[PDB]
Structure formats: C-alpha cells, structure tokens
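Undergrad: these chains are from a complex, not moved at all, and more is on the way:
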Amino acid sequence: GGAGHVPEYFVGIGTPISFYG
Amino acid sequence: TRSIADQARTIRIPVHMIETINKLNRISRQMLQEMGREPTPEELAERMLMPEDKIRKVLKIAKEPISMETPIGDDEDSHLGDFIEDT
Amino acid sequence: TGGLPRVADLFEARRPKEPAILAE
Amino acid sequence: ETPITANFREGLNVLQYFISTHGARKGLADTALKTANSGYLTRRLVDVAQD
C-alpha cells in the first residue's frame, strides 16, 4: 500500500508499486 | 629433521628441547588408554629422566603464536589482532 | 525487468544488450 | 489462476496463505538485498563526483 518499508507484491499491473510498511 | 627442528618455528627453540618435547608426546601416546582418561600430571614426569618438574616448564613453552588475523569467533571478518590493546 | 539497477546500468554508461545504431 | 477471495478481517485458509508466502518472500528479499546494492550505488556516485 504505502509508507515504503516493504514492497506490495499484490497489485494490478501498472501501479507504481508499494513500498508498504 | 634438523632443519625442521631449527627453522620451522616462529620462536626457534634448541633442537634438544624439540626432541624432549617429542619424547613427552610419545609418553602421552603410550599411557593414553592405559591410565583411562589421561595419565596424571606427575607420573609421566617420572616416566621421563628429567628432574620431573621440567614437564610443566616444557608444557608452558611450545605454545605456537596464534595468527593475529584469525577471525574472532562467530563473525567475519573481525580479527583477533584488532582486539589487542596497548599497555 | 529490473527496477533499481535500471539506474546503475544507465549511470555506468553501459550500453544495452542489443543496441540500435545511428548514422554519422 | 484463482485469486484470493479472503481478507484479513475474515480467516484465510491454507492455500491462500501458502500462495501469498511466495510474494512475501520475494518482496522481503528484494528489500534486504536491494538496500546493500543501493549503498553500493551511493558509494560509486560519491567517488565519481565528490572532488
């Protein structure tokens, strides 16, 4: 999601990418 | 054998000292299983010909100097020489 | 296919694996 | 071929958690090693232009 400390593996393609806490 | 006794030591020791050390090692091998655990710190001295307190002297010496760059336990590459302070 | 090293390869002036050509 | 149909408000079953574990491992490894690679890049960047 947000507040980048671990990445978000799960998303629709094209989103920048989280970078989630 | 003479060259190994002479120049194979960081601390050169007289050759007869090295031969006496080897004789002590032979005695310890001889009486290893004989006395059960390892023979008592006195009887192997009487096995020898010396005044028999020479055993602890010769055992105190023959400590080979440990490398200063030996990595300290559980970590690389923190080295032993880095922990020797200055007195 | 690479997120962050997309900058390192660029900075190192490393050419692409299969480069294009430009007339003189 | 079968997206997760659960949320953390509900209770996930074995398959969904086992499949999410893949992405969790991938991303955590990316962080752990990319940080060192980024420090390496910072060092190269300071050395080229610091004077």
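TA: Received, thanks. Numbering: from 1, shown residues only, chains lettered A, B, ... in the order given.

Undergrad: going forward, measure contacts between C-alpha atoms and count neighbours the same way
TA: Fine.

Undergrad: near chain A, which residues of chain D?
TA: Neighbours of chain A within chain D, by C-alpha under 8 Å from any C-alpha of the partner chain: D:23-24, D:26-28, D:31.

Undergrad: closest to residue B:5 out of the residues you listed?
TA: Nearest to residue B:5, judged by C-alpha to C-alpha, of those is residue D:31 at 56.4 Å.

Undergrad: residues in contact with that closest one?
TA: Residues in contact with residue D:31, defined by C-alpha atoms under 8 Å, 6 or more residues apart in numbering or on different chains, are A:6-7.

Undergrad: before we move on, back to that, looking at the residues of chain D next to chain A, which are in helices?
TA: Per DSSP state H, helices hold the following members of the residues of chain D next to chain A: D:23-24, D:26-28, D:31.

Undergrad: buried ones among those?
TA: Applying 16 or more other C-alpha atoms under 10 Å in any protein chain shown to these, the neighbour count classes D:24, D:27-28, D:31 as buried.

Undergrad: residue C:11 and chain A: what is the separation?
TA: Going from residue C:11 to chain A by C-alpha to the nearest C-alpha, to the nearest Å gives 22 Å.

Undergrad: flag every residue of chain C that's near chain D.
TA: C:4, C:8.

Undergrad: re earlier: looking at the buried ones among the ones in helices among the residues of chain D next to chain A, which is nearest chain A?
TA: Proximity of these to chain A (C-alpha to the nearest C-alpha) peaks at residue D:27, which lies at 5.4 Å.

Undergrad: slot chain E in:
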Amino acid sequence: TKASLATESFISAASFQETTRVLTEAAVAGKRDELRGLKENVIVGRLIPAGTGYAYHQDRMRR
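TA: With chain E added, the chains above now look like this:
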C-alpha cells in the same frame, strides 16, 4: 566506475578502485600529487578544501 579512475591525485583512486594496479601505475609514472580536492585531504588528515577550510585553503592555494 571508469571516470573515477580518471582522477589525477591517485590517493583517492586507491581509496576506491583496486589499490594494487592503481599504485603500480602511478608509481611507474613517478606521479606527483599536490592533493587538491577532498578525499585525499581526508586521507592525509588535514582541513577539507571545501567547507570552512576553503577560506583557509583559499589563503594557501593563492599563496
């Protein structure tokens, strides 16, 4: 990583990239080093020619 080697004062080049060949090259060239810039001043342990020291250094480089 290649333009970093194209630095006159070799001490920085040896602080960074592989020290052996750097020293050998600069030594066969008889390369002399007036230690301009920062990193080599950091090596030798005197004032930085950038910050406050610049003034001081501007007094010396002109001298």
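
Undergrad: please re-evaluate the contacts of residue D:31 in the presence of chain E.
TA: A:6-7.

Undergrad: so how far is residue D:25 from it?
TA: 10 Å (C-alpha to C-alpha, to the nearest Å).

Undergrad: who in chain C is up against chain E?
TA: Within chain C, the residues that sit near chain E (C-alpha under 8 Å from any C-alpha) are residue C:12.

Undergrad: show the backbone phi and psi for the residue in chain C positioned nearest to chain E.
TA: Nearest to chain E, among the residues of chain C, is residue C:12, at 6.5 Å (C-alpha to the nearest C-alpha). Phi and psi for residue C:12, reported as degrees, to the nearest 10, are phi -70, psi 0.

Undergrad: ok, it - how many residues close by?
TA: Neighbour count of residue C:12, defined by other C-alpha atoms under 10 Å in any protein chain shown: 13.

Undergrad: list the contacts for the residue nearest to it when sequence neighbours are not counted?
TA: Spatial nearest neighbour of residue C:12, excluding adjacent residues (C-alpha to C-alpha, 6 or more residues apart in numbering or on different chains): residue E:1 at 6.5 Å. Counting by C-alpha under 8 Å, 6+ apart, residue E:1 makes contact with C:12, D:44, D:48.

Undergrad: number of nearby residues for the last one?
TA: Burial of residue D:48 is recorded as 17 neighbouring residues (other C-alpha under 10 Å).

Undergrad: now it. Nearest residue, chain neighbours left out?
TA: The nearest residue in space to residue D:48 (C-alpha to C-alpha, 6+ apart) is residue E:4, at 4.5 Å.

Undergrad: add chain F to what we have:
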Amino acid sequence: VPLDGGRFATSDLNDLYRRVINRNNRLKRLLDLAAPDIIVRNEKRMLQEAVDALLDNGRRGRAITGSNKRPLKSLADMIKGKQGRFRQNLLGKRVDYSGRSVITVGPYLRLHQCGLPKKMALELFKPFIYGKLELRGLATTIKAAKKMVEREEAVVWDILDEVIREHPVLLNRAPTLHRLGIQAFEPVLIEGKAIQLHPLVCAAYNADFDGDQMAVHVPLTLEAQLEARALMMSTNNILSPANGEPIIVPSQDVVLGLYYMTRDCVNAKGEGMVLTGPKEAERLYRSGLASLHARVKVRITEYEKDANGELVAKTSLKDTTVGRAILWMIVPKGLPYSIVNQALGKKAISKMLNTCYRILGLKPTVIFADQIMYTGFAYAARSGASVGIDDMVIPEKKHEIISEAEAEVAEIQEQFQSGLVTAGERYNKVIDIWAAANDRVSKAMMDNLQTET
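TA: Now chain F, sitting on the chains shown earlier:
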C-alpha cells in the same frame, strides 16, 4: 605481543619474512657449497615464490598458513580491500568522545534539542567536567576531580549543567544516506538510558521506534561547536537538499490530530452560531458546550504584509469550523486564514509550513512547527482515535460479485472443456475477468465506506 594464558599473538607477516630469510640464507649456503644447477635453480624459483607471496599473496600458489588452513595476510592484503588500512582506517575510523543507545520519543522537546541520558553525558564530557571542576576550585587537582566523578558526588551534576548548556551534540543513525542522516541538537539531561529524539526529525532519519539505535558524538574544539550550531543544527536544516520540500513535515499522529481537529460534520453541538473569535472557540470547546467540528461563522483577524512591506491587519466574519478557529491561534501573523479553512491533509499540512517559511522566515517557522507538533499530539490524544474489528467495512455485494465471477468461470470451463477456446486465450480471459471482479469489489466496498455516514 604476549596474549592471555601464555600463548602469543603475531601477524602472519612474521611467518612470510621468516620464510624469505630462511630460503635466502639457504640459497647463500648452497652457493658456498657448490651445489648443482638443478638445486640452485629450484632454490631461486622458491625464493621468487616466497618474495611474491610476501608482496602480494594471490597471484601465486597462495601459501597456506602454519597449522591454520586460511591464507596469510600479506602486505598488499594489509593495504587493499574493504578491510585494508584505506577503507577501514583512513576514510573511516573509530572515534573517542562518542556513544550510542536505543532511542525513544520525547515529544515535549522543542525542535532544537534531544534527550540525553545522565550516565552517557557523564562518561562523554569527562575532560570538560574535570577542567570545569578544577577551574571553579571544587577539586584540588585533576586526580581529585576523577575521584569526585567516580564517587558521583551531588555537586558535579550542576557542573555538567554548566558544561552542557551551550554545547551541542551530534546524532546519527546507522543507515546514513543524506547529510540529514547526521544532525546537531542541544542536550537535555534525562534520567534513564535511552536517547530522546525529536519526532519531526525521524522522517529525516528514516528512524522507526522499532528498536533502532542511534549514536552521539561530542564536538570538542570551538570550530566544531560553531559548525554544529550554524550548519548541522536541526533548526537550520528544514528544507531537503535534493528538493525544496520540507523535511520536518508532521508524520503520522500529529497529522491525524490536525485532521480530526479541522473538519466539518453535517451537524454537532451549536452548528451555525457565531463567536467573537478563536478564544471564544476554545472556551466553548473545553467546557463541552460546543463540538470540535461544527459549521460556524466567527470573527477572525488575519494579517497581510501589504503595499510597502508594512504590516496591515483585517478582521472579518469567516465560515469555518470550531476546530479551524481554535487552530488559527497557532498560525503566525502573516498567513491568510484560507490555509486553515480546508480539511488539512498531510499534503497541505506540509504546504502550510512551506508558505510560512517562504513568507515569515526561519525564526517563526521553527516555533510554528514546534507548536504544530504539540497541538497535533495533544488533540490526537484527546480525539480517542482507535481501530476495532467492526471499523472494517464488508459490503454484502462482495459475495454477489464473487458468485457472478464463479458462474462466469464455470461458463468458461464449459466452453474450454469442449475444445472451443484455446488454452492461452482462455487463461488470459480468466485473468482479465478476475482483475475486473477485484476492481468491482474494491469500488463497492469503497463506496460503502467512503460516504457511509
């Protein structure tokens, strides 16, 4: 040098130089003994090998150590590498007058200071403590001063107060990336063993409170103290160097507090009434008569530097809420009320401080940020915000979307089973319809939750 237990410690250099000397002397002896050419050639090759192993071990057979399986550290091995005397000593070095500890919050601090434990500051400032004690005559000599601090007599704490007042300290976190990874603060003596770091600087440090430890250093010389106060000071560094955006932006709790403060519901206590100003708003709220958020009109005095640089002031009746009126008391003189009439998202809570710095300067912007953090923490506490199991929405449409999706998957399984749609095309189509269903469920739950009220 001798080590404990009678054993000795030495660099392997000694072994290499030993081999060089031994083989050179043996070569001299073989020369004096008129040895055949095979033996003397073998000895020349061996001496070359030994010298090369001494200079740089690695381009040859990599001579083994004595009773140790690892290779021996040569001279080039001493120089080069990430652990040679270049990377590990000359560029970076261990430093005296330094310490480190776990860090805590300390919200009561103003921006230009940090909480410092007593024992750490005592062990750190030892020489200045001795000097001040013997200067004030409280100690006969330096030995007596060391005895006094080792006894930890009650008089030396005031001397530490004296030596700490105008003496800044430097704080640093382990992953130092930009220059704001190190910042200067003013010491504040604290009971305990943890360092108290101002929260607004955490964003500059990337420092969580999840066990992260930080280190402190003491500027000794006068030049170092002045460089710390004028350059590395926390107040002097607010704008990032990479971009003009501020680095002191409120992070999480204060942003929440200000968001809950400045906001309007459709109805609350005393909606639509009128008040003389923000002080009346505080009197109303703190007495429980009026709610924090309520659509109100209040007379407010805003200020504008105008027409020559001379400050003018105008009052008016503004449409706002009670929270924004109360918050207006903190806003420095020059800013317009329009900045506090919105909902105050984080993105805008940053632009507020940005405009404050661009208009009024650094001196006010610092105290503005301090008061912002104070009121944000205070009202985020007062709000009683929380999170429960029922705070999460679950649309009932969710299962209907799931059901339509799985009916579609059984349809496509019908069609693919009877060899009509190809394999890859059918797989891509399943992927597309599942992504569409995910978007549908997301939009359904978002419309259910966003304007649920």
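
Undergrad: again for the contacts of residue D:31, since chain F is there now?
TA: Neighbouring residues of residue D:31 by C-alpha under 8 Å, 6+ apart: A:6-7.

Undergrad: gap between it and residue A:6?
TA: Residue D:31 is 7 Å from residue A:6, by C-alpha to C-alpha.

Undergrad: same question, residue F:146
TA: Remark: distance between residue F:146 and residue A:6 (C-alpha to C-alpha) = 49 Å.

Undergrad: okay, now residue F:68: neighbour count?
TA: For residue F:68, the tally of surrounding residues (other C-alpha under 10 Å) stands at 11.

Undergrad: the residue of chain B found nearest chain A: what secondary structure?
TA: Nearest to chain A in chain B, going by C-alpha to the nearest C-alpha, is residue B:75, at a distance of 27.5 Å. Residue B:75 carries the three-state label coil when classified by DSSP: H, G, I helix; E, B strand; the rest coil.

Undergrad: what is the neighbour count of residue 5?
TA: Since you didn't name a chain, this refers to chain A. 13.

Undergrad: hm, I was asking about chain E
TA: By other C-alpha under 10 Å, 18 other residues sit near residue E:5.

Undergrad: ok, now which ones touch the residue nearest to it when sequence neighbours are not counted?
TA: Counting by C-alpha to C-alpha, 6+ apart, residue E:5 lies nearest to residue E:13, which is 5.8 Å off, once chain neighbours are set aside. Shown in contact with residue E:13 (C-alpha under 8 Å, 6+ apart): E:4-5, E:7, E:19, E:22.
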